[PDB]
Undergrad: 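This is the structure, below, for whatever I ask next.
Residue numbers begin at 1 in each chain, while the letters A, B, ... track the order of the sequences. When reading the values below, keep in mind they use all heavy atoms of this one structure, side chains included, and skip hydrogens, waters and symmetry mates.
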Amino acid sequence: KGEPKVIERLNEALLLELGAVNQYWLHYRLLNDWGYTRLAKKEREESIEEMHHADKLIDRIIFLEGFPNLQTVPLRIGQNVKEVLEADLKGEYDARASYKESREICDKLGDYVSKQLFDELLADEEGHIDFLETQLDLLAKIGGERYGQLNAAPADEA
Amino acid sequence: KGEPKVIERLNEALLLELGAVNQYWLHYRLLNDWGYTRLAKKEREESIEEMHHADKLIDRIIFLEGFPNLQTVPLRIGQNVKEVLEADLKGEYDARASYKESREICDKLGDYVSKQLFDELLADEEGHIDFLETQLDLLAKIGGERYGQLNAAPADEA
Amino acid sequence: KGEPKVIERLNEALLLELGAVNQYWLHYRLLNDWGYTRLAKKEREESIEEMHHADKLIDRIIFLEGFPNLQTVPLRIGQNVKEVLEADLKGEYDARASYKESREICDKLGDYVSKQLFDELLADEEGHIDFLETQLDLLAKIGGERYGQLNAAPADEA
Amino acid sequence: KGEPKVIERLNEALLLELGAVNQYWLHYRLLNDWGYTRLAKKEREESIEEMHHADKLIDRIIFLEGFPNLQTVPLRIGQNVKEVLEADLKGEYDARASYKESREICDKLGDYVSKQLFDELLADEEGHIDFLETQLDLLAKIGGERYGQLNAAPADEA
Amino acid sequence: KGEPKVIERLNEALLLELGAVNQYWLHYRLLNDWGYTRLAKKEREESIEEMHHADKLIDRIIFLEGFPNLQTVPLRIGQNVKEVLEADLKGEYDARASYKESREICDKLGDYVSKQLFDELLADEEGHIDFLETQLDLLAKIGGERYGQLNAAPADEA
Amino acid sequence: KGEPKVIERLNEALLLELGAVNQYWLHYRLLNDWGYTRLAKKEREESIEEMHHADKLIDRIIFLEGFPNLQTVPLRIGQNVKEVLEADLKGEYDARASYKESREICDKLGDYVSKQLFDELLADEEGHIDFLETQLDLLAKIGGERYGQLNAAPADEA
Amino acid sequence: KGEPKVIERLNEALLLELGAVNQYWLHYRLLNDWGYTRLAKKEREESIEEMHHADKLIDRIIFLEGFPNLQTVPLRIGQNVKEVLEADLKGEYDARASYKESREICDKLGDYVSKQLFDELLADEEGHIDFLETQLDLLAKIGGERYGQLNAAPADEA
Ligand code: HEM
Ligand code: HEM
Ligand code: HEM
Ligand SMILES: [Ca+2]
Ligand SMILES: [Ca+2]
Ligand SMILES: [Ca+2]
Ligand SMILES: [Cl-]
Ligand SMILES: [Cl-]
Ligand SMILES: [Cl-]
Ligand SMILES: [Cl-]
Ligand SMILES: [Cl-]
Ligand SMILES: [Cl-]
Ligand SMILES: [Cl-]
Ligand SMILES: [Cl-]
Ligand SMILES: [Cl-]
């Protein structure tokens with residue numbers, strides 16, 4: 001049986017990951033319908049990565065004899081490519097902060113395996129952040145139109 | 001641009017499908033940790049099927065120039081195998097009813113392609129219901145213990 | 001042109017075989033919907049075997065310049081696994097008796113090739129009976145619940 | 001549990017499909033013994049297609065908690081190739097009419113999945129009718145003898 | 001023999017589909033000679049899809065004992081990429097409307113298989129419309145020049 | 001050492017089978033020179049089947065310590081396709097009768113293995129008769145000219 | 001930029017080729033529904049060949065800075081196999097005449113590449129004519145019924 005405080009931090013992470021799943025998937029479908037099929041494929045992949053994170057969190061909570069809360073998911077959606085990237089980045093920044101605090105809480109309470117899980121999430125999060133910051137830097141340098149064109153497919157593909 | 005009433009019925013279905021995704025996936029992890037790895041694999045597959053349904057609903061709403069609502073997901077969880085099956089079945093019964101009413105609404109408003117989508121969902125739902133009713137009938141006949149054993153793997157598998 | 005008495009015995013066998021086809025196939029679908037998918041597959045195979053018997057009977061009647069009577073099919077259906085097996089067994093017992101009398105009638109009338117056909121049916125029938133008696137003996141020894149479990153598949157199969 | 005009226009329409013279709021199975025199979029054996037082995041192979045295939053229809057009807061009735069009636073099968077048999085085709089066509093015309101009325105009954109009662117099954121049967125039936133009308137048109141144009149020759153194999157085949 | 005009103009709706013659809021074939025193929029050749037070889041390939045594919053639609057309509061009219069009218073084809077041609085897409089989209093909008101009215105006419109007259117054909121056309125039409133609206137949205141976002149470049153091949157290809 | 005009466009019945013069958021070999025082979029060569037190469041191939045196959053029958057009869061007679069009589073072979077030859085088929089059929093009718101009487105003689109004398117050999121010959125004979133009656137029925141229905149054409153090859157074959 | 005007179009001759013050929021496409025395709029579907037599936041396949045192939053001709057004409061007109069006229073297509077349809085062949089032949093005779101005059105016009109005006117295109121069409125046309133005259137000669141010699149039978153498939157094919 002796990003610490004109530006640790007289970008609570010795991011559920012907070014689960015809430016964020018479920019929100020990230022929905023936001024990334026909505027962005028995938030919006031981007032696809034706008035014609036940015038290449039970037040859309042990446043957002044789909046990012047959504048599926050957050051799905052695996054939520055699964056690991058659920059698995060850990062059950063092992064600790066807690067109750068995973070999937071009953072709740074706030075979503076930030078953009079109207080253009082730049083706002084989609086910035087919304088994803090904002091969510092990753094919020095997740096990183098939550099996991100950094102959760103890591104310390106698990107460390108102080110002696111739940112080192114749960115600490116290890118948050119460390120893994122932290123490493124994954126900054127990998128996400130590095131990619132998104134790079135894409136936003138590229139968009140700023142070549143312009144949103146050229147960034148959109150680069151991430152759109154020609155009419156005869158697929 | 002689609003009818004507001006049709007978009008609203010599509011969003012109601014999306015809310016149910018997102019709830020079904022979470023419930024099926026939670027059941028998959030609960031069943032797996034209880035040792036019912038075979039039934040757990042099926043619940044995982046059912047979750048992924050509802051994921052595809054939610055994707056089709058999102059896609060249709062966007063095409064109709066509406067806004068998909070993923071910001072919301074009620075979850076019914078069981079404490080044993082029988083209650084897990086009955087909770088899944090209850091959700092499918094509720095989904096079938098919603099889709100049957102939505103089909104008629106789309107028909108009367110002349111949105112026949114959205115009607116076709118609800119018809120496809122209805123056919124899928126009763127396929128789910130047929131399977132679940134069969135499993136619950138089998139459980140009643142051979143008993144919950146034997147049903148659990150039949151859907152558990154030996155210790156050396158995987 | 002064949003003996004009227006032989007043609008009549010061939011049509012009596014055809015009536016029984018068509019009844020066996022329908023009974024076995026109904027049992028296949030009932031057993032499948034109850035969750036006994038393994039035994040259901042066997043009943044399907046048994047139905048198809050009786051289908052081939054009916055075909056041979058039709059073929060022989062036509063060669064004898066008679067008229068096959070497919071216009072008629074009595075069906076005995078069970079409510080549980082044991083009654084399904086006992087109903088199949090009862091039909092096979094009735095078929096064996098009919099074929100044993102038909103064999104002698106063909107022998108006395110000098111239609112030895114039609115006699116040979118009934119001998120083949122007799123050998124097939126007692127093969128059916130041997131299998132069914134064995135299954136009913138197993139059910140009695142291990143119990144109907146365990147017999148049902150043994151002939152049911154786990155939820156994730158197929 | 002399904003509507004009694006829907007179950008009754010499903011059983012009426014089952015009666016027709018079982019009749020079509022027997023008629024097509026008898027025609028297959030008659031045509032084969034007359035030497036029209038090519039057309040005979042097609043009638044065999046048509047019989048097996050109606051067998052699959054009867055299976056789907058049985059499956060649907062069981063899912064609706066009704067009792068499939070296989071205890072009954074009227075057969076129309078011809079004495080030449082043209083009458084065989086016309087008898088098959090007559091049965092398909094009768095089946096189409098039954099399914100068209102059954103479709104409307106299921107629609108009014110809100111059993112849309114059963115409606116979908118009758119729609120599938122209707123599409124299959126008119127596919128049968130199109131083929132049979134074409135064969136009868138060809139027979140009229142080139143004559144019954146040439147039609148028979150075209151659908152007979154030489155003595156050394158198979 | 002089919003309803004005169006249904007045959008008339010099928011011929012109206014045939015007129016539209018034949019017009020769409022010619023318009024899409026002309027656009028394919030115009031776009032190819034302008035250097036937009038990628039989009040040109042898609043327009044060629046769209047033309048061939050409408051060719052298959054016209055074939056299904058002809059086939060249905062003949063089965064209903066009507067006379068397909070191929071003696072007639074109005075064509076809207078653009079002078080740049082955007083006007084080509086908008087002309088295709090306009091034709092698809094007109095086809096969708098015709099098929100939606102034809103579906104209802106077939107439903108009221110009890111020709112459900114012809115209704116099914118218009119439903120299939122409707123689903124195909126909105127698939128066309130979804131693609132074209134997406135391409136026009138992309139063109140608006142990245143500009144006609146970049147859209148043209150994205151759908152043009154370099155000088156050494158093929 | 002076998003019964004003289006059984007050996008005599010085996011030699012009577014051998015005389016008939018040797019006659020059938022020669023008649024079928026002569027028919028094969030006549031039909032081939034008339035241009036009915038397809039039917040000719042079948043007559044060749046039938047001749048070779050009767051050759052195997054004669055071999056089994058010789059083998060059985062030797063095992064019974066009798067002397068096979070191959071020193072004798074009456075042949076019925078036709079002048080057209082129909083008379084060839086009718087002559088073959090007449091011989092098979094005569095063989096069937098001989099084997100039916102021989103079967104009973106072996107049964108009464110207790111030579112059950114020789115009885116089994118005549119039963120095998122009887123089954124083979126009625127297979128021959130079924131084929132020949134079918135071909136003669138086909139010839140009557142489509143006419144001798146069309147039957148001949150169906151069983152003739154074009155000038156460039158082989 | 002091309003001669004107006006040459007562009008006009010190219011558009012006249014395009015009108016004829018589009019008419020030939022529709023006539024051949026209608027004949028393909030009529031012949032198929034009458035049961036002449038073999039000849040129907042050839043008419044389908046002929047239709048597709050005229051489709052390629054129309055494409056080459058469109059391509060040449062665009063290269064000459066003219067406007068292809070696809071807005072227009074007269075169709076001659078038969079009621080039996082012979083009239084179908086004669087209608088196709090009549091159209092090919094009319095096309096040959098048009099192309100022979102167009103060739104001379106291009107020659108006199110010094111547009112030798114357009115002349116080359118009409119020469120290619122002329123060679124193709126007389127290939128069509130040779131085939132059609134041969135088929136009509138065969139039909140006259142063996143009769144329309146036997147010609148129809150030769151170009152019909154047995155009921156079990158495809
Ligand atoms: C509790 C929430 C969710 C969980 C735990 C979850 C989990 C998963 C997992 C583990 C996979 C396997 C990935 C793979 O096979 O590569 C997956 C796939 C997938 N998920 Fe999610 N997911 C969730 C929510 C969603 C949502 C909201 C959608 C919206 C459409 C969605 C759509 C998909 C799709 C389309 C796939 C791919 C399946 C396929 O390609 O056949 N999922 N999910
Ligand atoms: C006169 C009655 C019948 C005759 C003569 C008959 C004959 C046959 C034969 C010879 C086969 C081939 C078996 C094989 O391919 O392994 C077959 C297959 C089959 N039959 Fe029957 N049958 C009859 C009635 C029925 C009925 C009442 C049903 C009810 C559903 C049925 C369902 C099937 C099915 C599903 C198959 C398998 C076909 C496939 O897998 O594609 N048959 N039948
Ligand atoms: C301007 C008029 C037309 C043009 C330029 C045209 C052009 C073409 C071309 C170039 C092909 C490729 C042939 C191949 O892949 O072997 C084709 C195929 C085809 N066309 Fe046409 N065509 C026209 C009208 C029609 C019409 C009126 C029909 C009526 C149904 C039709 C039906 C087809 C079909 C069924 C195919 C085969 C496609 C497949 O098998 O996937 N076309 N057409
Ligand atoms: Ca015996
Ligand atoms: Ca409908
Ligand atoms: Ca020259
Ligand atoms: Cl989308
Ligand atoms: Cl778990
Ligand atoms: Cl079932
Ligand atoms: Cl037969
Ligand atoms: Cl004649
Ligand atoms: Cl071009
Ligand atoms: Cl010879
Ligand atoms: Cl003939
Ligand atoms: Cl057709």
Undergrad: Without swapping roles, check the side chain of A/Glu17 against the backbone of A/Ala54 for a donor-acceptor pair under 3.5 Å.
TA: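 Here the side-chain-to-backbone pair does not exist.
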Undergrad: Which residues pass the side chain to side chain donor-acceptor pair (under 3.5 Å) test with A/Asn22, not counting sequence neighbours?
TA: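 Not a single residue meets the side chain to side chain donor-acceptor pair (under 3.5 Å) criterion with A/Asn22.
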Undergrad: If I compare all heavy atoms of B/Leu64 with all of B/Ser114, which pair ends up nearest, and what's the gap?
TA: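 Heavy atoms of B/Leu64 and B/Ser114 come nearest at CD1-OG, 3.8 Å.
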Undergrad: Quick check: does any side chain N or O of B/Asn11 sit under 3.5 Å from a backbone N or O of B/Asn69, one acting as donor and the other as acceptor?
TA: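 Side chain of B/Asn11 to backbone of B/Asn69: a pair is present.
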Undergrad: Under 4.0 Å between a side-chain nitrogen and a carboxylate oxygen: does that hold for B/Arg29 and B/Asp33?
TA: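 Looking at B/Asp33 together with B/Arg29, the answer is no, because their closest N to O distance does not fall below 4.0 Å.
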Undergrad: Could you tell me whether a side-chain N or O of B/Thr134 sits under 3.5 Å from a main-chain N or O of B/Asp130, the two making a donor and an acceptor?
TA: yes
Undergrad: For the pair E/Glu83 (side chain) and E/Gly78 (backbone), establish whether a donor and an acceptor sit closer than 3.5 Å, ignoring hydrogens and angles.
TA: no
Undergrad: What residue among B/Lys100, B/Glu104, B/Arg103 forms side chain to side chain donor-acceptor pair (under 3.5 Å) with D/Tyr112?
TA: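 Single side chain to side chain donor-acceptor pair (under 3.5 Å) partner of D/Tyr112 among B/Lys100, B/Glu104, B/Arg103: B/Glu104.
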Undergrad: Does E/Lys141 make a cation-pi contact with A/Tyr36, if we ask for NZ or CZ under 6.0 Å from the ring centre and within 45° of the axis?
TA: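 Here E/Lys141 fails the 6.0 Å and 45° test against A/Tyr36.
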Undergrad: Is the shortest side-chain heavy-atom distance between B/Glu49 and B/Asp124 below 4.5 Å?
TA: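 No, side chains not in contact.
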Undergrad: Strictly below 4.0 Å, N to O, side chains only: are C/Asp156 and B/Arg38 in salt-bridge contact?
TA: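 No.
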Undergrad: Around A/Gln79, counting heavy atoms of other residues, nucleotides and ligands shown, do more than 12 lie under 6.0 Å from its CD?
TA: no
Undergrad: Taking B/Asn32's backbone N and O only, do any of them form a donor-acceptor pair with B/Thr37's side chain (distance below 3.5 Å, no angle check)?
TA: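 No; judged by distance alone, with no hydrogens or angles, the pair does not exist.
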Undergrad: Take a 6.0 Å sphere around CD of B/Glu45 and say whether it holds more than 12 heavy atoms from other residues, nucleotides or ligands.
TA: yes
Undergrad: Is a side-chain donor or acceptor of A/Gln71 paired with a backbone partner of B/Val73 at a separation under 3.5 angstrom?
TA: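 The answer is yes, because a donor-acceptor pair under 3.5 Å joins these two groups.
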Undergrad: Do A/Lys56 and A/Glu120 come close enough that some side-chain heavy atom pair is under 4.5 Å?
TA: yes
Undergrad: I need the minimum non-hydrogen distance between B/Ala13 and B/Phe118, along with the two atoms involved.
TA: CB-CE2, 4.0 Å
Undergrad: Quick one: closest heavy-atom pair of B/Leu138 and C/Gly35, and the distance?
TA: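 Heavy-atom minimum between the residues: CD2-O, 4.0 Å.
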Undergrad: List the steps and the verdict of side chain to side chain contact (heavy atoms under 4.5 Å, CB included) for A/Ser47 and A/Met51.
TA: CA-CA 6 Å; A/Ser47 186; A/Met51 291 170 198; 3.3 Å; yes
Undergrad: Measure across A/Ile62 and A/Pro68 and return the closest heavy-atom pair with its distance rounded to 0.1 Å.
TA: CG1-CG, 3.8 Å
Undergrad: Would you indicate whether the side-chain heavy atoms of E/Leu122 and E/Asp119 approach each other to under 4.5 Å?
TA: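 Yes, close enough: below the 4.5 Å cut-off.
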Undergrad: Which atom names give the shortest non-hydrogen contact between B/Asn151 and C/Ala155, and what distance separates them?
TA: OD1-N, 2.7 Å
Undergrad: Using distance alone, with no hydrogens and no angle criterion, decide if B/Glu50 and B/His128 have a side-chain donor and acceptor under 3.5 Å apart.
TA: yes
Undergrad: More than 12 foreign heavy atoms under 6.0 Å from NZ of A/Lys82: is that the case here?
TA: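 Not more than 12 within 6.0 Å, no.
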Undergrad: Testing B/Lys5, B/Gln116, B/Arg60 one by one against B/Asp111 for a side chain to side chain donor-acceptor pair (under 3.5 Å), which residue passes?
TA: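 Output: one option passes, namely B/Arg60.
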Undergrad: Any donor-acceptor pair under 3.5 Å linking the side chain of A/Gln23 with the backbone of A/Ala87?
TA: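 Present.
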Undergrad: For A/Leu75 and A/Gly19, work out which heavy atoms get closest and say how close.
TA: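 Taking every non-hydrogen atom into account, CD1-O, 3.5 Å.
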Undergrad: Would one find more than 12 heavy atoms of other residues, nucleotides or ligands at under 6.0 Å from atom CZ of E/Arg146?
TA: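 Correct, the count exceeds 12.
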